[PDB]
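# Analysis of the macromolecular model
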Number of protein chains: 4
Amino acid sequence: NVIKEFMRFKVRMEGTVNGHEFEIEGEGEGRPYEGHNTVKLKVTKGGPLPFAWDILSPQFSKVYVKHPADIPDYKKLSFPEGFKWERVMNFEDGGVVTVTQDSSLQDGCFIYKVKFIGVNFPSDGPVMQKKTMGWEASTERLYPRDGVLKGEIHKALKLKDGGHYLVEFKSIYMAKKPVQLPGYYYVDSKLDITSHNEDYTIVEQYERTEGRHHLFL
Amino acid sequence: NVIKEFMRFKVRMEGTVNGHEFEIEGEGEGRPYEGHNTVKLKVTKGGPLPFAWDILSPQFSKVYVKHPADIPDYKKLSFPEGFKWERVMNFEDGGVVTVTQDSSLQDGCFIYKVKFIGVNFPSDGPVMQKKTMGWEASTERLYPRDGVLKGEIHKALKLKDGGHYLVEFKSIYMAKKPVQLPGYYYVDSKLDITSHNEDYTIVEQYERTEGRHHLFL
Amino acid sequence: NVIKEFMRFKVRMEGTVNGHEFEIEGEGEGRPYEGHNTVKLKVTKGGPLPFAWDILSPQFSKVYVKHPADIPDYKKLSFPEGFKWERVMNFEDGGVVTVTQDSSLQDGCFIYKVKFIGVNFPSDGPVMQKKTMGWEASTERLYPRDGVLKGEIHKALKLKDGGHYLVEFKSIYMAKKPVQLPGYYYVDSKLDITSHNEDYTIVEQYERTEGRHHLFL
Amino acid sequence: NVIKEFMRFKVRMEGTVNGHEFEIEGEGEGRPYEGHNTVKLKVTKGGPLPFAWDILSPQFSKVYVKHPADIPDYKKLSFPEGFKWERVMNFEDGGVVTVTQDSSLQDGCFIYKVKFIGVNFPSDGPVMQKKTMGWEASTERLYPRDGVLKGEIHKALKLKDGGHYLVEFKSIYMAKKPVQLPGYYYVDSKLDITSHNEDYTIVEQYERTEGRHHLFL
């Protein structure tokens, strides 16, 4: 280890939403063993974005999840080789996103490369209309499957006018090398936008995340 | 009052699974303010179900959910008129179930009436082949919507030969009288089969369930 | 054979939509080898339905599907015993319906028994608001699976304020005796409400439906 | 006009399937008013794809769809500017794919640019195990929505070991310029792999496709 108490990271995203091409670059840092991390983003191409920043927020670091000792830390165990992760986001209004990412380690710094494709968002929807205002804190249900780690979440974006915009997440974590997998468990998360410029071409986020067993066990 | 510290209930279910008709009846009791309840069932018609009992178990009492004082207990508030509940269960292998239920209070006893329709289960699947062995403890994400209370869960049935069989629950709770809805919150639950005969024509269940805010709030 | 060129039928339905119970009875007739049939329904209980009649229309006769000689007529072959049918209807706005049906032959006439459960329809949506106006003609994709016949359709209801309300149908047909199944094929249908009273408590429908191979074959 | 009776095209795709990156480039040609076209592809990077080629085939030209004079040919009318198209493919076993593409016209040659992300495919499934054998002919259901053209299809891949592997397609066609949209209609298609080398690093395809009204209209 390899994975120190303090770790920095670099991230780059190439994405497309309803046909709108964009690129984003950023840097972050956090305490992998404490379950917290922050990140600053900059839209390098296609800005300002014609859609809610919120749909991108969660694609910018699960190696920072705090895990109790009795729960194998698959993501952490994968380094230095690292792991890849994939995801599907099913929006209640038909919107669909598919994400592919690669997580590596270079000279003590984490390297994240992301590809994102979002389609079918209604022109007058909350995404396309920028009517959201952050995510609610969430709880992911994880389990080992097909030799890899999987998890699902029932998430929600807060609507300006009140109410919520529902999104189901389905993620897949795949170590680049064989690593001990955990059993059924949960991960609580809370992602906040801490700052941003008026057109959201510059953004700062904070995330707290921790794994645990269900409370009744 | 109407809802005492100790309350009993009676339940009747009329269902069909893959064309197989059946009837179930039972009696239960519990501590509504403590978050626990038990129930004893008996298959009265269509006896010897040709499918896993597990898919029926969660259809047999949310008025028993322990809620903190700062979270409006919508279901409890609904009495004496009571409430209705509906649900969709999406099985990973294509099976689908819709449930509609009516909850009332009669002579100091909770009265539950359930209709269930399950279709599209593979004949060789874990349901039709009775390969399941109980649910993992779960956590439901609730929120108010359309004037009613809704909630979703990523649940899972343990496989006898190892692994899990996934199911997504979508529930709707509808008070028969206008009462206070809570905001976004969660419900942890754990249902166990405490006793049964080999063919599951006689079963007893126990369930613990409590409402709460997300752990990071 | 038992299936004459002219055949009548009797249907009875017990359903629930968003907690509202209802019952319907009807009588119909048609020419099974020609691909057309009519039916007259009367709401016998729960009358003055508080939702779009159109969601019920398609649950009231596949044995009447015209099949070319080179495509095994599974449903017809199942008689005199008959067959069962189940279905899932997934509505674009979240509403979900499950149906289970039993088709038999008695007194020289077909006997239909249907059970319907509909949930999660938004209070302000086209179904509960009664804003639909008939289905567009459709095309079902069928194939043999798990020893039975299955088919799916991408359906659509026309709306009063223009546009369409999309629904995906997934049906399963199950013979009560082993009969020959066909391979991959298509069924074309067009259902029309031919008459109805002011409150839709008495309704008359017409349906044309025919099986065939893809046109490029 | 801009669109002549015979037209060639250039296509290129960047994709990722279950974390495996690849690139493909190719050229095709056909008769846009006749609904016939062919294409030849070469895997340029990510050599020897570790998954079924079949999943990519339908991503390689709807301007070639034959339309009757009474049905607006939205895609054709969008030129010379062109149009973009997006798509979601939902695999029966959990795999999900999103696609985004751009179609333009350059000096008499159509230019196609495709981005593809596929995730959640079971390692032991027909895709990653290459057990598929081409698509069945299909029929897409189209309708105008949100100022654009949408269509859905219930498709199927033939399994080597027999049977079919089901896939639901959801496509969105967006003209770069708001040209005339058609109303509800269908498109029949039949895609065949005409030639291919052992490892699917060189492949040629043929597609027949024509738009039309429902047969009962």
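Residues numbered from 1 in each chain as written, not as in the entry; some residues may be left out. Chains lettered and ligands numbered in written order. Heavy atoms only, no water.

For clarity, the threshold we go by: UniProt positions are given in the numbering used here, feature names are shortened, and annotations may be inferred rather than shown by experiment.
As named in the PDB entry, chain A is FLUORESCENT PROTEIN FP583, taken from Discosoma sp.. The heading Subunit in the UniProt record of chain A holds the text "Homotetramer."

## So, the overall build of chain A
The cut-off we apply is this: Runs of E in the DSSP output that reach at least two residues are strands. Runs of H or I that reach at least four are helices, and both are numbered from the N terminus. Summary of the burial criterion: residues with accessible area below 20% of their type's maximum are buried, those above 50% are exposed, and those between are partly exposed, where the area comes from a 1.4 Å probe applied to protein chains only. Only the protein chains shown count as cover for residues, with accessible areas throughout obtained via the Shrake-Rupley method and a probe of 1.4 Å. For the charge count, each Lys or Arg is scored as positive and each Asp or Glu as negative, with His and the chain ends excluded. A charge is said to be at NZ when it belongs to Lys, at CZ for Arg, at CG for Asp and at CD for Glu.
Regarding its fold elements, chain A presents one helix and 12 strands. Ordered by position from N to C terminus, the α and β elements of chain A give β-β-β-α-β-β-β-β-β-β-β-β-β. Reported as C-alpha extents along the three principal axes, the dimensions of chain A are approximately 45 × 40 × 30 Å. Relative to its 217 residues, chain A shows a buried fraction of 59%. If you sum the accessible surface of chain A, you get close to 8200 Å²; carbon and sulfur atoms cover 49% of it. One way to put it: in chain A the 30 positive side-chain charges average out to a point 3 Å from where the 31 negative ones average out.

## Focus on the relation of the copies chain C and chain D
This is how the line gets drawn: We line the copies up by least squares, and the atoms we fit are the C-alpha atoms. By the convention used here, residues are in contact when the closest approach between their heavy atoms is within 4.5 Å.
Mapping chain C onto chain D calls for a screw motion: a turn of 180° about the axis and a shift of 0.0 Å along it, with 0.2 Å RMSD after fitting. Within this description, the copies of the chain are treated as partners about a two-fold rotation axis. In this assembly, 100% of the residues forming the interface of chain C have copies in chain D that are likewise at the interface, indicating an isologous arrangement.

## A closer look at the interface of chain C and chain D
Which entries qualify depends on this criterion: Each of two parts loses accessible area, computed with a 1.4 Å probe, when they are put together; buried area is these two losses added. Here a salt bridge means any side-chain nitrogen of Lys or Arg lying within 4 Å of a carboxyl oxygen belonging to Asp or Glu. Any N or O atom pair separated by 3.5 Å or less is treated as a polar contact, with the protein-specific requirement of one donor-capable and one acceptor-capable atom, and with residues adjacent in sequence counted only for side-chain atom pairs.
Across the contact, 29 residues belong to chain C and 30 residues belong to chain D. On the chain C side of the interface with chain D, the three residues burying the most area are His154, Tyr184 and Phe216 of chain C, jointly 30% of the side's total. The interface formed by chain C and chain D holds two salt bridges in total. Among the ionic pairs, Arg145 of chain D bridges to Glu92 of chain C, the shortest N-O distance being 3.0 Å. Between the two partners, chain C and chain D, sit 16 residue pairs in polar contact.

## Focus on the pattern of salt bridges
Under the counting rule described, the total for this entry stands at 70 salt bridges over all chains. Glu81 of chain B is paired through a salt bridge with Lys177 of chain B; the nearest N and O atoms lie 3.9 Å apart. Here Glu81 of chain B is found in the loop between α1 (74-77) and β4 (83-91), whereas its partner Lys177 of chain B is found in the loop between β10 (164-175) and β11 (185-196), with 96 residues between them in sequence. The salt bridge partner of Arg31 of chain D is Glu5 of chain D, with a shortest N-O separation of 3.6 Å. Residue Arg31 of chain D is located in strand β2 (residues 20-31), and its partner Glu5 of chain D is located in the segment before β1 (7-17); the two are separated by 26 residues in the primary sequence. Taking the relative accessible area as the measure of exposure, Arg31 of chain D reaches 31% and is therefore partly exposed. A relative accessible area of 51% places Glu5 of chain D in the exposed class. A single salt-bridge network, built from bridges that share partners, covers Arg12, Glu14, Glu23 and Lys45 of chain C.

## Comments concerning the environment of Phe51 of chain D
All names here are of chain D. Structurally, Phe51 can be placed in the loop between β3 (36-45) and α1 (74-77). Considering only alpha carbons, one finds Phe51 and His20, 31 residues apart in sequence, at a separation of 9.3 Å. In contact with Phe51, not counting residues within four places along its chain, are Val17, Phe22, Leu56, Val127, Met128 and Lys130.

## Comments concerning the packing of aromatic side chains
Quick reminder of the rule: Here the aromatic set is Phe, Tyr and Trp, taking the six-membered ring for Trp, and pairing holds for ring centres within 6.5 Å; pairs whose planes are under 30 degrees apart are stacked, those over 60 apart are edge-to-face, and all others are tilted. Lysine NZ or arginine CZ positioned within 6 Å of the ring centre and within 35 degrees of the ring normal marks a charge as sitting over the ring.
Scanning the model with the defined rule gives 51 aromatic pairs over all chains in all. An angle of 70° between the planes, with centres 4.8 Å apart, marks the rings of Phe91 of chain D and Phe121 of chain D as edge-to-face. A residue pair is termed long-range when its members are at least 10 positions apart, and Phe91 of chain D in strand β4 (residues 83-91) and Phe121 of chain D in the loop between β6 (109-119) and β7 (132-135) qualify at 30 residues. Residue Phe91 of chain D is classed as buried on the basis of its relative accessible area, which comes to 5%. An aromatic cluster is built from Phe9, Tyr64, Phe79, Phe83, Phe110 and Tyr112 of chain A, whose rings are joined through pairwise contacts. Positioned above the aromatic ring of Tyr173 of chain C, the side-chain terminus of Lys75 of chain C is 5.6 Å from the ring centre. Note that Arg208 of chain D overlies the ring of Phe216 of chain C, its terminal NZ or CZ placed 3.8 Å from the centroid.

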